[PDB]
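Novice: Structure provided below as structure tokens; questions to follow.
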Amino acid sequence: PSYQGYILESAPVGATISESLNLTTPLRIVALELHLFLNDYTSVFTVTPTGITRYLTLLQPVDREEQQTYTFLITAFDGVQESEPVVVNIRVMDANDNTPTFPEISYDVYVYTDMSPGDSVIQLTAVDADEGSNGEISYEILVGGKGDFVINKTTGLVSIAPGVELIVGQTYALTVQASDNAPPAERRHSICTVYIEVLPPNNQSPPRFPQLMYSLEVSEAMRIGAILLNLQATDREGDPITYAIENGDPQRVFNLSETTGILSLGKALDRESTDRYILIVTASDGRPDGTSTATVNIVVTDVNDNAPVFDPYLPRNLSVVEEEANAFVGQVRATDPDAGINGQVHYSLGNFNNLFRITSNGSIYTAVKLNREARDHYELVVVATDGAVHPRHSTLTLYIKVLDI
Ligand SMILES: [Ca+2]
Ligand SMILES: [Ca+2]
Ligand SMILES: [Ca+2]
Ligand SMILES: [Ca+2]
Ligand SMILES: [Ca+2]
Ligand SMILES: [Ca+2]
Ligand SMILES: [K+]
């Protein structure tokens with residue numbers, strides 16, 4: 001048979017003895033009316049005179065400066081029967097005098113994106129001077145960590161929450177609370193405010209490009225030294241920026257300024273040959289980690305810089321019958337290295353245009369019954385014309401010899 005009670009040293013006369021340390025619930029003795037008598041301390045504690053369940057009460061106020069631990073014996077009596085004795089033990093627990101209080105009301109602290117989950121943010125420590133458990137401090141983060149931060153219930157260290165990977169330029173206002181492990185009704189707490197901002201690693205970044213890829217058009221005709229493109233990379237921290245081409249131009253046909261980032265042209269372009277460059281460019285602090293990249297797609301565009309050339313080995317000596325019209329003389333063929341309208345060839349005749357004609361393709365014909373005796377030798381000149389505005393020509397004299405039978 002064994003009872004354990006608890007009473008607070010500030011408790012009034014006429015107070016029930018409790019069962020938990022929490023002091024929320026009262027002590028509960030069974031009466032199996034009957035007479036429960038108690039042997040010691042009868043001047044401070046009294047039993048409930050009636051009821052199946054019975055309570056202990058304060059007669060005189062207690063104080064634990066002397067006498068923190070009463071132990072005595074309930075027994076029930078009835079004349080007929082004296083009971084076996086029940087042991088009651090009580091503890092007079094100390095009042096909560098002190099609020100756990102932080103040194104500072106607020107805290108300012110930085111966080112860097114490179115720091116992982118579990119990496120520590122800020123140790124902070126309230127101090128509750130009350131001896132025992134009226135000063136065992138517990139720390140909770142109430143709100144405003146967005147669950148990216150978590151504190152240690154007992155140590156007071158805020159570290160990074162599981163699997164977060166913090167984004168830059170992100171602020172926070174955590175509100176932490178220190179509370180003592182005292183009983184509920186007599187328990188103190190104080191709150192505190194951690195303002196957090198997220199920086200980049202080492203508070204440093206590379207110089208960034210306003211875009212990752214650049215889609216250019218250039219005319220093969222564009223001058224040497226004429227600027228293609230300014231590569232305006234801003235650096236957050238104000239570091240000086242060094243640009244350089246890294247891939248895509250083994251010829252140094254292009255010149256990117258080391259300091260200004262302007263990309264001029266260094267050698268003459270020809271599209272006939274190579275019609276597209278794709279460089280890689282870089283801007284950087286110097287700081288080993290601090291460096292960005294970017295890809296620039298030069299596509300060179302066409303100008304009519306090429307006359308249509310006749311195929312070298314065309315038969316030049318031709319023959320057509322004595323006397324006929326729409327009679328096939330022979331065929332020519334010309335090509336143009338340019339592109340578009342500048343590539344298209346159109347065939348024309350530079351003389352004898354009432355005698356002979358020519359089709360859209362190379363096919364030369366007679367328009368009229370040619371006369372074997374009036375004429376035998378025609379040095380005729382055929383003209384290939386490219387299809388541009390401001391077109392270019394080539395000519396080719398053929399030697400037609402008209403026949404008979
Ligand atoms: Ca006290
Ligand atoms: Ca306290
Ligand atoms: Ca920088
Ligand atoms: Ca060219
Ligand atoms: Ca052309
Ligand atoms: Ca061209
Ligand atoms: K104290």
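If you're wondering about the labels, chains in the structure tokens are A, B, ... by order shown, residues count from 1 in each chain, ligands from 1 in order shown.
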Which polymer residues have any atom within 10 Å of an atom of segment 278-288 of chain A, counting only C-alpha atoms, with same-chain residues fewer than 2 positions away left out, as number ranges by chain?

Specialist: A: 204-209, 212-216, 231-235, 237-250, 254, 256, 258-259, 261, 276, 290-299

Novice: Could you please extract the residues within 7 Å of ligand 4, counting only C-alpha atoms and all ligand atoms, and hand them back as number ranges by chain?

Specialist: A: 220, 270-272, 305

Novice: Extract the full set of strand (DSSP E) residues from segment 18-193 of chain A according to DSSP on the backbone, and format it as a PDB file with N, CA, C and O atoms, in the first residue's frame.

Specialist:
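The file below, states.pdb, is the result:
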```
ATOM      1  N   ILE A  29      -7.477   8.729  -2.511  1.00  0.00           N
ATOM      2  CA  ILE A  29      -7.377   7.621  -1.566  1.00  0.00           C
ATOM      3  C   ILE A  29      -8.702   6.891  -1.561  1.00  0.00           C
ATOM      4  O   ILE A  29      -9.749   7.534  -1.625  1.00  0.00           O
ATOM      5  N   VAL A  30      -8.646   5.566  -1.473  1.00  0.00           N
ATOM      6  CA  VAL A  30      -9.850   4.723  -1.486  1.00  0.00           C
ATOM      7  C   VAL A  30     -10.381   4.462  -0.064  1.00  0.00           C
ATOM      8  O   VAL A  30      -9.603   4.227   0.859  1.00  0.00           O
ATOM      9  N   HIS A  35     -13.619   5.494   9.027  1.00  0.00           N
ATOM     10  CA  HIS A  35     -12.693   6.430   9.671  1.00  0.00           C
ATOM     11  C   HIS A  35     -11.227   6.164   9.283  1.00  0.00           C
ATOM     12  O   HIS A  35     -10.578   5.250   9.789  1.00  0.00           O
ATOM     13  N   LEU A  36     -10.740   6.964   8.341  1.00  0.00           N
ATOM     14  CA  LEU A  36      -9.329   6.978   7.992  1.00  0.00           C
ATOM     15  C   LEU A  36      -8.638   7.953   8.931  1.00  0.00           C
ATOM     16  O   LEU A  36      -8.860   9.155   8.847  1.00  0.00           O
ATOM     17  N   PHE A  37      -7.825   7.420   9.841  1.00  0.00           N
ATOM     18  CA  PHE A  37      -6.963   8.218  10.723  1.00  0.00           C
ATOM     19  C   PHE A  37      -5.513   8.192  10.220  1.00  0.00           C
ATOM     20  O   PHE A  37      -5.098   7.220   9.569  1.00  0.00           O
ATOM     21  N   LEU A  38      -4.764   9.253  10.528  1.00  0.00           N
ATOM     22  CA  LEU A  38      -3.376   9.409  10.065  1.00  0.00           C
ATOM     23  C   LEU A  38      -2.473   9.681  11.262  1.00  0.00           C
ATOM     24  O   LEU A  38      -2.797  10.510  12.097  1.00  0.00           O
ATOM     25  N   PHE A  45      -2.133  18.260   7.638  1.00  0.00           N
ATOM     26  CA  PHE A  45      -2.932  17.528   6.650  1.00  0.00           C
ATOM     27  C   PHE A  45      -4.191  16.892   7.248  1.00  0.00           C
ATOM     28  O   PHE A  45      -4.158  16.317   8.334  1.00  0.00           O
ATOM     29  N   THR A  46      -5.281  16.963   6.484  1.00  0.00           N
ATOM     30  CA  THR A  46      -6.602  16.471   6.888  1.00  0.00           C
ATOM     31  C   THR A  46      -7.216  15.632   5.745  1.00  0.00           C
ATOM     32  O   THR A  46      -7.040  15.970   4.563  1.00  0.00           O
ATOM     33  N   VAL A  47      -7.919  14.556   6.112  1.00  0.00           N
ATOM     34  CA  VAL A  47      -8.554  13.634   5.173  1.00  0.00           C
ATOM     35  C   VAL A  47     -10.028  14.007   5.019  1.00  0.00           C
ATOM     36  O   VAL A  47     -10.647  14.488   5.953  1.00  0.00           O
ATOM     37  N   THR A  53     -14.096   7.801  -2.507  1.00  0.00           N
ATOM     38  CA  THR A  53     -12.807   8.404  -2.833  1.00  0.00           C
ATOM     39  C   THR A  53     -12.576   9.570  -1.856  1.00  0.00           C
ATOM     40  O   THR A  53     -13.517  10.305  -1.540  1.00  0.00           O
ATOM     41  N   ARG A  54     -11.332   9.738  -1.389  1.00  0.00           N
ATOM     42  CA  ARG A  54     -10.992  10.717  -0.355  1.00  0.00           C
ATOM     43  C   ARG A  54      -9.725  11.491  -0.698  1.00  0.00           C
ATOM     44  O   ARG A  54      -8.831  10.965  -1.350  1.00  0.00           O
ATOM     45  N   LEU A  56      -6.541  14.499   0.450  1.00  0.00           N
ATOM     46  CA  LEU A  56      -5.814  15.185   1.556  1.00  0.00           C
ATOM     47  C   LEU A  56      -5.894  16.695   1.351  1.00  0.00           C
ATOM     48  O   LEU A  56      -5.896  17.137   0.206  1.00  0.00           O
ATOM     49  N   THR A  57      -5.966  17.477   2.442  1.00  0.00           N
ATOM     50  CA  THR A  57      -6.027  18.974   2.384  1.00  0.00           C
ATOM     51  C   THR A  57      -5.032  19.702   3.325  1.00  0.00           C
ATOM     52  O   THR A  57      -4.670  19.181   4.377  1.00  0.00           O
ATOM     53  N   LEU A  58      -4.608  20.911   2.934  1.00  0.00           N
ATOM     54  CA  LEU A  58      -3.732  21.755   3.776  1.00  0.00           C
ATOM     55  C   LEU A  58      -4.485  22.492   4.891  1.00  0.00           C
ATOM     56  O   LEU A  58      -5.400  23.278   4.622  1.00  0.00           O
ATOM     57  N   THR A  71       6.379  12.124   5.233  1.00  0.00           N
ATOM     58  CA  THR A  71       5.976  10.698   5.082  1.00  0.00           C
ATOM     59  C   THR A  71       5.244  10.243   6.345  1.00  0.00           C
ATOM     60  O   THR A  71       5.759  10.369   7.453  1.00  0.00           O
ATOM     61  N   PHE A  72       4.052   9.687   6.177  1.00  0.00           N
ATOM     62  CA  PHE A  72       3.226   9.289   7.308  1.00  0.00           C
ATOM     63  C   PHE A  72       2.300   8.135   6.886  1.00  0.00           C
ATOM     64  O   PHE A  72       2.433   7.646   5.764  1.00  0.00           O
ATOM     65  N   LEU A  73       1.410   7.700   7.788  1.00  0.00           N
ATOM     66  CA  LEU A  73       0.623   6.469   7.632  1.00  0.00           C
ATOM     67  C   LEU A  73      -0.863   6.707   7.847  1.00  0.00           C
ATOM     68  O   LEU A  73      -1.249   7.002   8.960  1.00  0.00           O
ATOM     69  N   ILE A  74      -1.670   6.574   6.791  1.00  0.00           N
ATOM     70  CA  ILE A  74      -3.120   6.447   6.915  1.00  0.00           C
ATOM     71  C   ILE A  74      -3.386   5.021   7.392  1.00  0.00           C
ATOM     72  O   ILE A  74      -2.685   4.081   6.967  1.00  0.00           O
ATOM     73  N   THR A  75      -4.354   4.902   8.313  1.00  0.00           N
ATOM     74  CA  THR A  75      -5.044   3.653   8.651  1.00  0.00           C
ATOM     75  C   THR A  75      -6.535   3.943   8.858  1.00  0.00           C
ATOM     76  O   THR A  75      -6.894   4.984   9.412  1.00  0.00           O
ATOM     77  N   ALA A  76      -7.378   2.994   8.441  1.00  0.00           N
ATOM     78  CA  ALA A  76      -8.825   2.991   8.726  1.00  0.00           C
ATOM     79  C   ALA A  76      -9.134   2.185   9.993  1.00  0.00           C
ATOM     80  O   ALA A  76      -8.494   1.165  10.259  1.00  0.00           O
ATOM     81  N   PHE A  77     -10.100   2.658  10.775  1.00  0.00           N
ATOM     82  CA  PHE A  77     -10.443   2.042  12.062  1.00  0.00           C
ATOM     83  C   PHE A  77     -11.953   1.980  12.085  1.00  0.00           C
ATOM     84  O   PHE A  77     -12.627   2.728  11.354  1.00  0.00           O
ATOM     85  N   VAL A  86      -1.513   2.318   5.424  1.00  0.00           N
ATOM     86  CA  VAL A  86      -1.196   2.784   4.077  1.00  0.00           C
ATOM     87  C   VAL A  86      -0.158   3.872   4.208  1.00  0.00           C
ATOM     88  O   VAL A  86      -0.324   4.737   5.045  1.00  0.00           O
ATOM     89  N   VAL A  87       0.867   3.856   3.355  1.00  0.00           N
ATOM     90  CA  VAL A  87       1.961   4.821   3.438  1.00  0.00           C
ATOM     91  C   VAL A  87       1.649   5.987   2.511  1.00  0.00           C
ATOM     92  O   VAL A  87       1.451   5.770   1.325  1.00  0.00           O
ATOM     93  N   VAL A  88       1.584   7.213   3.037  1.00  0.00           N
ATOM     94  CA  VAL A  88       1.443   8.423   2.205  1.00  0.00           C
ATOM     95  C   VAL A  88       2.762   9.189   2.252  1.00  0.00           C
ATOM     96  O   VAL A  88       3.247   9.449   3.345  1.00  0.00           O
ATOM     97  N   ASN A  89       3.328   9.513   1.082  1.00  0.00           N
ATOM     98  CA  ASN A  89       4.566  10.297   0.932  1.00  0.00           C
ATOM     99  C   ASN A  89       4.239  11.531   0.149  1.00  0.00           C
ATOM    100  O   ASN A  89       3.584  11.403  -0.862  1.00  0.00           O
ATOM    101  N   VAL A  92       6.906  18.744  -1.240  1.00  0.00           N
ATOM    102  CA  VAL A  92       6.587  20.147  -1.322  1.00  0.00           C
ATOM    103  C   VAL A  92       7.565  20.697  -2.339  1.00  0.00           C
ATOM    104  O   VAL A  92       8.752  20.781  -2.101  1.00  0.00           O
ATOM    105  N   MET A  93       7.056  21.051  -3.495  1.00  0.00           N
ATOM    106  CA  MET A  93       7.914  21.446  -4.619  1.00  0.00           C
ATOM    107  C   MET A  93       8.060  22.978  -4.615  1.00  0.00           C
ATOM    108  O   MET A  93       7.176  23.666  -4.102  1.00  0.00           O
ATOM    109  N   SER A 106      15.939  40.298 -30.291  1.00  0.00           N
ATOM    110  CA  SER A 106      16.020  39.841 -31.659  1.00  0.00           C
ATOM    111  C   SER A 106      17.452  39.469 -31.988  1.00  0.00           C
ATOM    112  O   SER A 106      18.386  39.836 -31.282  1.00  0.00           O
ATOM    113  N   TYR A 107      17.603  38.718 -33.070  1.00  0.00           N
ATOM    114  CA  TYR A 107      18.904  38.335 -33.584  1.00  0.00           C
ATOM    115  C   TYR A 107      18.922  38.489 -35.122  1.00  0.00           C
ATOM    116  O   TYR A 107      17.947  38.213 -35.819  1.00  0.00           O
ATOM    117  N   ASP A 108      20.045  38.947 -35.647  1.00  0.00           N
ATOM    118  CA  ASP A 108      20.266  39.039 -37.082  1.00  0.00           C
ATOM    119  C   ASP A 108      21.338  37.976 -37.447  1.00  0.00           C
ATOM    120  O   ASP A 108      22.367  37.870 -36.786  1.00  0.00           O
ATOM    121  N   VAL A 109      21.074  37.159 -38.469  1.00  0.00           N
ATOM    122  CA  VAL A 109      21.992  36.086 -38.872  1.00  0.00           C
ATOM    123  C   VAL A 109      21.852  35.767 -40.359  1.00  0.00           C
ATOM    124  O   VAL A 109      20.745  35.790 -40.902  1.00  0.00           O
ATOM    125  N   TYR A 110      22.987  35.502 -41.011  1.00  0.00           N
ATOM    126  CA  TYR A 110      23.004  35.106 -42.417  1.00  0.00           C
ATOM    127  C   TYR A 110      23.129  33.605 -42.593  1.00  0.00           C
ATOM    128  O   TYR A 110      23.604  32.875 -41.728  1.00  0.00           O
ATOM    129  N   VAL A 111      22.687  33.181 -43.764  1.00  0.00           N
ATOM    130  CA  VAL A 111      22.654  31.808 -44.174  1.00  0.00           C
ATOM    131  C   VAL A 111      23.121  31.823 -45.624  1.00  0.00           C
ATOM    132  O   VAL A 111      22.876  32.772 -46.382  1.00  0.00           O
ATOM    133  N   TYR A 112      23.800  30.766 -46.019  1.00  0.00           N
ATOM    134  CA  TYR A 112      24.450  30.719 -47.315  1.00  0.00           C
ATOM    135  C   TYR A 112      23.923  29.485 -48.019  1.00  0.00           C
ATOM    136  O   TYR A 112      23.737  28.447 -47.395  1.00  0.00           O
ATOM    137  N   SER A 120      24.439  24.336 -38.965  1.00  0.00           N
ATOM    138  CA  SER A 120      23.907  25.138 -37.859  1.00  0.00           C
ATOM    139  C   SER A 120      23.758  26.609 -38.228  1.00  0.00           C
ATOM    140  O   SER A 120      24.573  27.166 -38.949  1.00  0.00           O
ATOM    141  N   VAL A 121      22.719  27.244 -37.722  1.00  0.00           N
ATOM    142  CA  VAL A 121      22.456  28.643 -38.043  1.00  0.00           C
ATOM    143  C   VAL A 121      22.896  29.558 -36.887  1.00  0.00           C
ATOM    144  O   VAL A 121      23.790  30.391 -37.052  1.00  0.00           O
ATOM    145  N   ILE A 122      22.263  29.394 -35.725  1.00  0.00           N
ATOM    146  CA  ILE A 122      22.480  30.280 -34.592  1.00  0.00           C
ATOM    147  C   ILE A 122      22.158  29.543 -33.295  1.00  0.00           C
ATOM    148  O   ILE A 122      21.060  29.025 -33.121  1.00  0.00           O
ATOM    149  N   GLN A 123      23.161  29.469 -32.420  1.00  0.00           N
ATOM    150  CA  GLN A 123      22.985  29.011 -31.058  1.00  0.00           C
ATOM    151  C   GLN A 123      22.461  30.196 -30.284  1.00  0.00           C
ATOM    152  O   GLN A 123      22.982  31.323 -30.367  1.00  0.00           O
ATOM    153  N   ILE A 137      15.138  24.586 -19.200  1.00  0.00           N
ATOM    154  CA  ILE A 137      14.580  25.292 -20.339  1.00  0.00           C
ATOM    155  C   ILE A 137      14.383  24.350 -21.514  1.00  0.00           C
ATOM    156  O   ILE A 137      15.240  23.497 -21.787  1.00  0.00           O
ATOM    157  N   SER A 138      13.221  24.530 -22.166  1.00  0.00           N
ATOM    158  CA  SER A 138      12.854  23.910 -23.445  1.00  0.00           C
ATOM    159  C   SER A 138      12.617  24.964 -24.525  1.00  0.00           C
ATOM    160  O   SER A 138      11.893  25.923 -24.277  1.00  0.00           O
ATOM    161  N   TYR A 139      13.200  24.759 -25.716  1.00  0.00           N
ATOM    162  CA  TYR A 139      13.071  25.661 -26.885  1.00  0.00           C
ATOM    163  C   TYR A 139      12.201  25.073 -28.012  1.00  0.00           C
ATOM    164  O   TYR A 139      12.471  23.975 -28.500  1.00  0.00           O
ATOM    165  N   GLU A 140      11.172  25.826 -28.404  1.00  0.00           N
ATOM    166  CA  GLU A 140      10.353  25.591 -29.595  1.00  0.00           C
ATOM    167  C   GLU A 140      10.495  26.791 -30.549  1.00  0.00           C
ATOM    168  O   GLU A 140      10.637  27.935 -30.111  1.00  0.00           O
ATOM    169  N   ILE A 141      10.486  26.514 -31.855  1.00  0.00           N
ATOM    170  CA  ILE A 141      10.235  27.542 -32.881  1.00  0.00           C
ATOM    171  C   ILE A 141       8.730  27.599 -33.111  1.00  0.00           C
ATOM    172  O   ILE A 141       8.147  26.620 -33.606  1.00  0.00           O
ATOM    173  N   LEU A 142       8.099  28.732 -32.782  1.00  0.00           N
ATOM    174  CA  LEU A 142       6.649  28.826 -32.902  1.00  0.00           C
ATOM    175  C   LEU A 142       6.254  28.938 -34.364  1.00  0.00           C
ATOM    176  O   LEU A 142       5.617  28.031 -34.892  1.00  0.00           O
ATOM    177  N   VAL A 143       6.662  30.025 -35.021  1.00  0.00           N
ATOM    178  CA  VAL A 143       6.284  30.293 -36.416  1.00  0.00           C
ATOM    179  C   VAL A 143       7.360  31.036 -37.193  1.00  0.00           C
ATOM    180  O   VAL A 143       8.227  31.679 -36.616  1.00  0.00           O
ATOM    181  N   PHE A 149      13.875  25.788 -40.979  1.00  0.00           N
ATOM    182  CA  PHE A 149      14.742  25.757 -39.831  1.00  0.00           C
ATOM    183  C   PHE A 149      14.040  24.987 -38.742  1.00  0.00           C
ATOM    184  O   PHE A 149      12.813  24.973 -38.674  1.00  0.00           O
ATOM    185  N   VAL A 150      14.849  24.363 -37.886  1.00  0.00           N
ATOM    186  CA  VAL A 150      14.383  23.611 -36.740  1.00  0.00           C
ATOM    187  C   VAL A 150      15.413  23.813 -35.612  1.00  0.00           C
ATOM    188  O   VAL A 150      16.631  23.871 -35.860  1.00  0.00           O
ATOM    189  N   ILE A 151      14.899  23.966 -34.390  1.00  0.00           N
ATOM    190  CA  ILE A 151      15.716  24.223 -33.195  1.00  0.00           C
ATOM    191  C   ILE A 151      15.862  22.925 -32.408  1.00  0.00           C
ATOM    192  O   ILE A 151      15.137  21.963 -32.636  1.00  0.00           O
ATOM    193  N   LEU A 157      19.972  25.408 -30.336  1.00  0.00           N
ATOM    194  CA  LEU A 157      20.665  25.629 -31.582  1.00  0.00           C
ATOM    195  C   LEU A 157      19.680  25.413 -32.723  1.00  0.00           C
ATOM    196  O   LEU A 157      19.081  24.337 -32.857  1.00  0.00           O
ATOM    197  N   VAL A 158      19.569  26.445 -33.559  1.00  0.00           N
ATOM    198  CA  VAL A 158      18.769  26.434 -34.756  1.00  0.00           C
ATOM    199  C   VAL A 158      19.700  25.930 -35.835  1.00  0.00           C
ATOM    200  O   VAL A 158      20.802  26.487 -36.016  1.00  0.00           O
ATOM    201  N   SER A 159      19.284  24.851 -36.510  1.00  0.00           N
ATOM    202  CA  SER A 159      19.999  24.320 -37.677  1.00  0.00           C
ATOM    203  C   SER A 159      18.997  24.206 -38.820  1.00  0.00           C
ATOM    204  O   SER A 159      17.791  24.357 -38.619  1.00  0.00           O
ATOM    205  N   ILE A 160      19.524  23.915 -40.006  1.00  0.00           N
ATOM    206  CA  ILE A 160      18.744  23.737 -41.232  1.00  0.00           C
ATOM    207  C   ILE A 160      17.892  22.453 -41.206  1.00  0.00           C
ATOM    208  O   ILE A 160      18.397  21.371 -40.923  1.00  0.00           O
ATOM    209  N   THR A 171      14.201  35.967 -46.958  1.00  0.00           N
ATOM    210  CA  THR A 171      14.295  36.425 -45.589  1.00  0.00           C
ATOM    211  C   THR A 171      13.413  35.518 -44.742  1.00  0.00           C
ATOM    212  O   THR A 171      12.628  34.724 -45.256  1.00  0.00           O
ATOM    213  N   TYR A 172      13.581  35.604 -43.437  1.00  0.00           N
ATOM    214  CA  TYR A 172      12.783  34.832 -42.504  1.00  0.00           C
ATOM    215  C   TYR A 172      12.655  35.609 -41.211  1.00  0.00           C
ATOM    216  O   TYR A 172      13.538  36.371 -40.852  1.00  0.00           O
ATOM    217  N   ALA A 173      11.561  35.380 -40.497  1.00  0.00           N
ATOM    218  CA  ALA A 173      11.428  35.845 -39.128  1.00  0.00           C
ATOM    219  C   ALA A 173      10.931  34.697 -38.281  1.00  0.00           C
ATOM    220  O   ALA A 173       9.717  34.506 -38.115  1.00  0.00           O
ATOM    221  N   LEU A 174      11.891  33.921 -37.768  1.00  0.00           N
ATOM    222  CA  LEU A 174      11.587  32.870 -36.793  1.00  0.00           C
ATOM    223  C   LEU A 174      11.218  33.551 -35.505  1.00  0.00           C
ATOM    224  O   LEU A 174      11.737  34.633 -35.204  1.00  0.00           O
ATOM    225  N   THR A 175      10.294  32.930 -34.781  1.00  0.00           N
ATOM    226  CA  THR A 175      10.004  33.317 -33.420  1.00  0.00           C
ATOM    227  C   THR A 175      10.190  32.059 -32.590  1.00  0.00           C
ATOM    228  O   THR A 175       9.483  31.053 -32.770  1.00  0.00           O
ATOM    229  N   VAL A 176      11.217  32.106 -31.746  1.00  0.00           N
ATOM    230  CA  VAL A 176      11.521  31.005 -30.836  1.00  0.00           C
ATOM    231  C   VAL A 176      10.949  31.369 -29.477  1.00  0.00           C
ATOM    232  O   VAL A 176      10.720  32.548 -29.202  1.00  0.00           O
ATOM    233  N   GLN A 177      10.694  30.333 -28.676  1.00  0.00           N
ATOM    234  CA  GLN A 177      10.124  30.449 -27.341  1.00  0.00           C
ATOM    235  C   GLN A 177      10.956  29.577 -26.393  1.00  0.00           C
ATOM    236  O   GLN A 177      11.212  28.402 -26.672  1.00  0.00           O
ATOM    237  N   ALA A 178      11.388  30.161 -25.276  1.00  0.00           N
ATOM    238  CA  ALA A 178      11.990  29.417 -24.181  1.00  0.00           C
ATOM    239  C   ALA A 178      10.960  29.279 -23.071  1.00  0.00           C
ATOM    240  O   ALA A 178      10.343  30.261 -22.684  1.00  0.00           O
ATOM    241  N   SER A 179      10.734  28.068 -22.587  1.00  0.00           N
ATOM    242  CA  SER A 179       9.797  27.867 -21.487  1.00  0.00           C
ATOM    243  C   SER A 179      10.434  26.901 -20.544  1.00  0.00           C
ATOM    244  O   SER A 179      11.150  26.013 -20.988  1.00  0.00           O
ATOM    245  N   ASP A 180      10.179  27.090 -19.247  1.00  0.00           N
ATOM    246  CA  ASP A 180      10.739  26.228 -18.192  1.00  0.00           C
ATOM    247  C   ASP A 180       9.840  25.020 -18.021  1.00  0.00           C
ATOM    248  O   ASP A 180       8.644  25.091 -18.304  1.00  0.00           O
ATOM    249  N   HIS A 189       7.390  31.667 -19.691  1.00  0.00           N
ATOM    250  CA  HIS A 189       8.028  31.565 -20.997  1.00  0.00           C
ATOM    251  C   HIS A 189       8.371  32.958 -21.533  1.00  0.00           C
ATOM    252  O   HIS A 189       7.734  33.938 -21.147  1.00  0.00           O
ATOM    253  N   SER A 190       9.364  33.059 -22.405  1.00  0.00           N
ATOM    254  CA  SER A 190       9.603  34.311 -23.140  1.00  0.00           C
ATOM    255  C   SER A 190       9.958  34.006 -24.581  1.00  0.00           C
ATOM    256  O   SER A 190      10.649  33.014 -24.853  1.00  0.00           O
ATOM    257  N   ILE A 191       9.480  34.856 -25.501  1.00  0.00           N
ATOM    258  CA  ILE A 191       9.719  34.662 -26.939  1.00  0.00           C
ATOM    259  C   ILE A 191      10.814  35.534 -27.510  1.00  0.00           C
ATOM    260  O   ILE A 191      11.169  36.596 -26.979  1.00  0.00           O
ATOM    261  N   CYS A 192      11.326  35.070 -28.641  1.00  0.00           N
ATOM    262  CA  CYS A 192      12.403  35.769 -29.298  1.00  0.00           C
ATOM    263  C   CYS A 192      12.464  35.597 -30.825  1.00  0.00           C
ATOM    264  O   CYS A 192      11.978  34.598 -31.377  1.00  0.00           O
ATOM    265  N   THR A 193      13.061  36.603 -31.484  1.00  0.00           N
ATOM    266  CA  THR A 193      12.916  36.769 -32.921  1.00  0.00           C
ATOM    267  C   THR A 193      14.228  36.743 -33.681  1.00  0.00           C
ATOM    268  O   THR A 193      14.996  37.684 -33.658  1.00  0.00           O
TER     269      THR A 193
END
```

Novice: For chain A versus ligand 2, which residues have an atom no more than 6 Å away, and what is each residue's nearest atom pair and distance in Å rounded to one decimal, using only C-alpha atoms and all ligand atoms, chain-then-number order, as CSV?

Specialist:
```
residue,atom,partner,partner_atom_place_in_ligand_line,distance
A:96,CA,ligand 2,1 (Ca),5.0
A:97,CA,ligand 2,1 (Ca),5.7
A:98,CA,ligand 2,1 (Ca),4.0
A:99,CA,ligand 2,1 (Ca),5.0
A:100,CA,ligand 2,1 (Ca),5.9
A:128,CA,ligand 2,1 (Ca),5.1
A:130,CA,ligand 2,1 (Ca),4.6
A:134,CA,ligand 2,1 (Ca),4.2
A:135,CA,ligand 2,1 (Ca),4.2
A:180,CA,ligand 2,1 (Ca),5.6
```

Novice: Which one is closest to residue 334 of chain A: A:229, A:321, A:253, A:309? Count only C-alpha atoms.

Specialist: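 Smallest separation from residue 334 of chain A among the options: A:309.
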
Novice: I need the residue nearest ligand 5 from this list: A:307, A:396, A:367, A:355. Use only C-alpha atoms and all ligand atoms for the distance.

Specialist: A:307

Novice: Around ligand 5, out to 10 Å and counting only C-alpha atoms and all ligand atoms, which residues are there? I want them as a ChimeraX atom specification.

Specialist: /A:302-309,335-345,385-388,390-393

Novice: Ligand 1: which residues are within 8 Å, counting only C-alpha atoms and all ligand atoms? Reply as an mmCIF file with N, CA and C atoms, in the first residue's frame.

Specialist:
```cif
data_model
loop_
_atom_site.group_PDB
_atom_site.id
_atom_site.type_symbol
_atom_site.label_atom_id
_atom_site.label_comp_id
_atom_site.auth_asym_id
_atom_site.auth_seq_id
_atom_site.Cartn_x
_atom_site.Cartn_y
_atom_site.Cartn_z
ATOM 1 N N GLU A 9 4.760 24.940 -2.701
ATOM 2 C CA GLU A 9 5.025 25.721 -1.483
ATOM 3 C C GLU A 9 4.232 27.036 -1.369
ATOM 4 N N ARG A 64 9.101 24.586 1.911
ATOM 5 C CA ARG A 64 10.166 23.601 1.741
ATOM 6 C C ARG A 64 11.583 24.087 2.116
ATOM 7 N N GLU A 65 11.684 25.235 2.781
ATOM 8 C CA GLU A 65 12.958 25.711 3.313
ATOM 9 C C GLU A 65 13.352 24.840 4.502
ATOM 10 N N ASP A 94 9.172 23.480 -5.178
ATOM 11 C CA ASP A 94 9.589 24.904 -5.087
ATOM 12 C C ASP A 94 8.836 25.767 -6.080
ATOM 13 N N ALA A 95 8.482 26.989 -5.687
ATOM 14 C CA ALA A 95 7.701 27.883 -6.544
ATOM 15 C C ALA A 95 8.540 28.420 -7.698
ATOM 16 N N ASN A 96 7.878 28.799 -8.801
ATOM 17 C CA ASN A 96 8.586 29.300 -9.984
ATOM 18 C C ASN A 96 8.796 30.796 -9.819
ATOM 19 N N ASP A 97 10.034 31.196 -9.591
ATOM 20 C CA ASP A 97 10.346 32.581 -9.320
ATOM 21 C C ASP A 97 10.796 33.323 -10.576
#
```

Novice: My list of candidates is A:224, A:269, A:167, A:17. Which is closest to residue 197 of chain A when distances are computed with only C-alpha atoms?

Specialist: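 For residue 197 of chain A, the nearest of the given residues is A:167.
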
Novice: Can you pull out every residue within 8 Å of residue 70 of chain A, counting only C-alpha atoms, but drop anything in the same chain fewer than 3 positions away, and send it as a compact mmCIF listing (two decimals) with C-alpha atoms, in the first residue's frame?

Specialist:
```txt
# COMPACT_ATOMS: atom_id res chain seq x y z
CA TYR A 41 1.64 15.52 10.83
CA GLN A 67 10.42 20.08 5.49
CA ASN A 89 4.57 10.30 0.93
CA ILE A 90 4.39 14.01 -0.09
CA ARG A 91 6.75 16.43 -1.79
```
